[PDB]
Amino acid sequence: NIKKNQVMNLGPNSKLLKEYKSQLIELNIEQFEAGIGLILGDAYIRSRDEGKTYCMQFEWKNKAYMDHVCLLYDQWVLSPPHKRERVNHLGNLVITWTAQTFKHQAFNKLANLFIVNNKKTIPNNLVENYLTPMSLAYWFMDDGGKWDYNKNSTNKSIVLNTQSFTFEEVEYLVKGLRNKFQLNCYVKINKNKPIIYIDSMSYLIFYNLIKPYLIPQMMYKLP
DNA sequence: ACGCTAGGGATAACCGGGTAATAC
DNA sequence: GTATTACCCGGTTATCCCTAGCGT
Ligand SMILES: [Ca+2]
Ligand SMILES: [Ca+2]
Ligand SMILES: [Ca+2]
């Protein structure tokens, strides 16, 4: 075999790199299930060879969450998280962490569920067939948040920020969330765009499913 | 009198493209 | 000189959080 450490400094077209990539066949169960939530959430899955191979790009503010995701698909990620620091139009410095997998056919397994002809879509019964408690956990760590950010609140309502998807796509996601996980949720409007509102009634049932995957530095997102 | 929204803001993400390092 | 491609860019804004002030 070939160790990861031997190709953590070699160039992109390295012979030893390609032989290491041939040793890896598919994503493991944890990498696929989490991938679902990540692609629904904050991750970006892309092909440059028109569908032959795919890779995932990551960018987050939270260094620790970036570290956790990098460790997940450890064998798919060559480098440690890289730091950016950019100046925006106001003239403010913005600190963010970035990382990416190498391209590999194993990622086609994930991308074939979302990317159809360049543009990302959501299949009719995605949640019912593919979304697991682990998928919901990473999706929450990406898009999750509170409904009530007022200090001192009895409202334990969860929100999933899905402003990028169409109202139809989100409506279908709500159908899955209600049926598979018995969640009292529905679509709400924010900036003329859809979000998933989870009622405080289903908070216990939602928390129990995502407990065995949550990281401490992401516990602030919970009410 | 104050809980709870809808409205809003400066990000914290998401998109592709460019490049610099190997193979032949 | 052309193919390959992980790492690194810049464009750009929908995000997650914050809160005015509405509604009872
Ligand atoms: Ca997201
Ligand atoms: Ca996020
Ligand atoms: Ca976005």
Side-chain angles (χ1 to χ4, degrees), chain A residues 4 6-22 24 38-50 52-66 69-70 73 75-105 107 111 114-115 118-120 138-167 169-170 187-200 217-218 220-223:
Chain A
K4 208 231 283 186
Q6 290 181 56
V7 303
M8 74 159 324
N9 289 337
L10 301 168
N13 208 55
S14 183
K15 198 90 140 67
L16 286 160
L17 207 162
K18 289 180 178 176
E19 282 196 23
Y20 167 76
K21 298 212 299 170
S22 67
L24 275 43
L38 291 177
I39 298 156
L40 278 168
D42 290 357
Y44 170 51
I45 190 151
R46 74 182 303 200
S47 182
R48 296 261 249 160
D49 48 18
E50 296 101 60
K52 289 192 181 186
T53 64
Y54 282 81
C55 75
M56 288 185 302
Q57 290 192 190
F58 307 112
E59 191 168 353
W60 280 292
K61 178 195 182 65
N62 205 315
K63 189 203 185 309
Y65 186 52
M66 178 77 275
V69 175
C70 284
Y73 323 67
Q75 60 218 145
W76 307 100
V77 179
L78 261 42
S79 289
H82 163 96
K83 200 236 241 206
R84 278 195 99 170
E85 292 178 342
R86 296 176 68 176
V87 183
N88 61 14
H89 61 89
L90 284 150
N92 295 328
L93 192 58
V94 190
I95 294 176
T96 192
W97 291 91
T98 177
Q100 64 290 131
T101 72
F102 53 71
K103 70 196 195 76
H104 199 275
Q105 52 144 54
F107 296 95
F114 300 88
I115 323 292
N118 276 341
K119 192 182 70 197
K120 179 184 159 190
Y138 283 82
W139 184 19
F140 171 79
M141 291 186 282
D142 288 15
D143 294 4
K146 305 185 190 179
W147 172 255
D148 201 356
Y149 286 90
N150 290 290
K151 198 195 274 181
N152 285 168
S153 173
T154 59
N155 182 51
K156 302 274 186 177
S157 291
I158 309 285
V159 162
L160 289 159
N161 289 293
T162 58
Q163 288 91 332
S164 65
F165 311 144
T166 68
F167 283 97
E169 283 165 5
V170 174
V187 189
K188 276 218 156 186
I189 329 287
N190 181 239
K191 285 271 236 294
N192 280 54
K193 279 161 190 177
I195 57 158
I196 304 173
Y197 168 81
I198 301 161
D199 195 45
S200 55
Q217 31 269 123
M218 217 62 43
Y220 80 94
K221 287 193 160 186
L222 294 163

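No hydrogens, no waters, no symmetry mates; every other heavy atom, side chains included, goes into these values. Order of the sequence lines fixes the chain letters, A, B, ..., with proteins taken first and strands second; residue numbering starts at 1 for each chain.
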I want to verify a distance call: between [options], whose nearest atom is closest to the [X] side chain?
X	options	result
A/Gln163	B/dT22, B/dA10, C/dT15	C/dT15
A/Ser79	C/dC7, B/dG16, B/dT11	C/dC7
A/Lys188	C/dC16, B/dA6, B/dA23	B/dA6
A/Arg86	C/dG10, C/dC16, B/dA6	C/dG10
A/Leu78	B/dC14, C/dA6, B/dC24	C/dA6

Checklist entry - Atom CZ of A/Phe102 and atom P of C/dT4: how far apart are they, to the nearest Å? => result 18 Å
Checklist outcome for this item: From CD of A/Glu85 across to P of C/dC9 the rounded distance in Å is 12 Å
Next on the checklist: Is a donor from one side chain sitting under 3.5 angstrom from an acceptor on the other, for A/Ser157 and A/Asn155?
Outcome noted: yes
[X] side chain near [N] phosphate (N/O to OP1/OP2, under 4.0 Å):
X	N	answer
A/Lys103	C/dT5	yes
A/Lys193	C/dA14	yes
A/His82	C/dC7	no

Checklist entry - With a non-hydrogen cut-off below 4.0 angstrom, is A/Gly91 in contact with a base, only sugar-phosphate, or nothing? => result nothing
Polar atom pairs between nucleotides 17-19 of chain C and protein, under 3.5 Å, N or O only, would you list them?
from   : atom 1 : to       : atom 2 : distance (Å)
C/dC17 : OP1    : A/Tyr220 : OH     : 2.7

Item to check | Distance-only donor-acceptor test (3.5 Å): side chain A/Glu59, base B/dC14 | outcome: yes
